[PDB]
Amino acid sequence: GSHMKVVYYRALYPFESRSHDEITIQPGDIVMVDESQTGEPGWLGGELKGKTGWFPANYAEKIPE
Ligand SMILES: [Cl-]
Ligand SMILES: [Zn+2]
Ligand SMILES: [Zn+2]
């Protein structure tokens, strides 16, 4: 994917990671996001609890700065 200026997303729906490059999120988790892979809806990539990876972009919401 592509790097972007670091931003924070709050998870809205649960997602369970399966591959190395995915992360698990639960509603309310805050992810520090620095990557995207464009798609419909595509993927966002970032760090949560010491792990890094993709999660589906429509499963979280951008937190205003
Ligand atoms: Cl797609
Ligand atoms: Zn493995
Ligand atoms: Zn992959």
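The first residue in the sequence is number 1, and the count goes up from there. Just so you know, these numbers use all the heavy atoms, side chains as well, and skip hydrogens, waters and symmetry mates.
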Asker: Following the transitive rule for hydrophobic clusters with a side-chain heavy-atom cut-off under 4.5 Å over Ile, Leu, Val, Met, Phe, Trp and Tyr, establish whether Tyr9 and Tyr13 coincide in one cluster.
Answerer: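 Per the 4.5 Å side-chain linkage, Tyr9 and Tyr13 are co-clustered.
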
Asker: Please list all pairs passing the salt bridge (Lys or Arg N to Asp or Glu O under 4.0 Å) test where one or both residues lie in residues 23-32, with sequence neighbours left out.
Answerer: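 Qualifying pairs: none.
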
Asker: Tell me which donor-acceptor pairs under 3.5 Å the side chains of residues 16-23 have, and how far apart each pair is, sequence neighbours excluded?
Answerer:
unit_1	atom_1	unit_2	atom_2	d
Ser17	OG	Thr24	OG1	3.1
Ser19	OG	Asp21	OD1	2.7
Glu22	OE1	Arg18	N	2.8
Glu22	OE1	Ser19	N	3.3

Asker: Quick one: do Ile63 and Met32 end up in the same hydrophobic cluster if we chain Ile, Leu, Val, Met, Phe, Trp and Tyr together by side-chain heavy atoms under 4.5 Å apart?
Answerer: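 Yes, because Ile63 and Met32 connect within a single hydrophobic cluster, where side-chain heavy atoms sit under 4.5 Å apart.
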
Asker: I want to check something: taking the side chain as every heavy atom from C-beta on, are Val31 and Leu44 in contact at a cut-off of under 4.5 Å?
Answerer: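 In short, these two side chains do not touch, never coming nearer than 4.5 Å.
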
Asker: What are the two closest non-hydrogen atoms of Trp43 and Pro56, and how far apart are they?
Answerer: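 Minimum heavy-atom contact is CE3-N, 3.5 Å.
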
Asker: Which heavy atom of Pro41 sits nearest to which heavy atom of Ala57, and what is that distance?
Answerer: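 So the two residues come closest at O-CB, 3.5 Å.
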
Asker: List the atom of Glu35, the atom of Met4, and the distance in Å for their closest heavy-atom pair.
Answerer: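 Here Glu35 and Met4 meet closest at N-CG, 4.3 Å.
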
Asker: Look at the side-chain heavy atoms of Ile, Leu, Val, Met, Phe, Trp and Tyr, link any pair under 4.5 Å apart, and say whether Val6 and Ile25 land in one connected group.
Answerer: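 No, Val6 does not connect to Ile25 through the hydrophobic network.
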
Asker: For residues 45-55, which side-chain N or O atoms pair as donor and acceptor with protein atoms under 3.5 Å away, sequence neighbours left out?
Answerer:
none

Asker: Under the side chain to side chain contact (heavy atoms under 4.5 Å, CB included) rule, collect the residues that match up with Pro27, sequence neighbours excluded.
Answerer: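 For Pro27, the residues satisfying side chain to side chain contact (heavy atoms under 4.5 Å, CB included) (neighbours in sequence not counted) are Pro14.
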
Asker: Measuring from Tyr8:OH to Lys62:NZ, what's the distance to the nearest 0.5 Å?
Answerer: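 Spacing of OH (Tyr8) from NZ (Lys62) equals 11.0 Å.
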
Asker: Tell me, please, which residues at least two apart from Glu61 pass salt bridge (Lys or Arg N to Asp or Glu O under 4.0 Å).
Answerer: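 Expected list: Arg10.
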
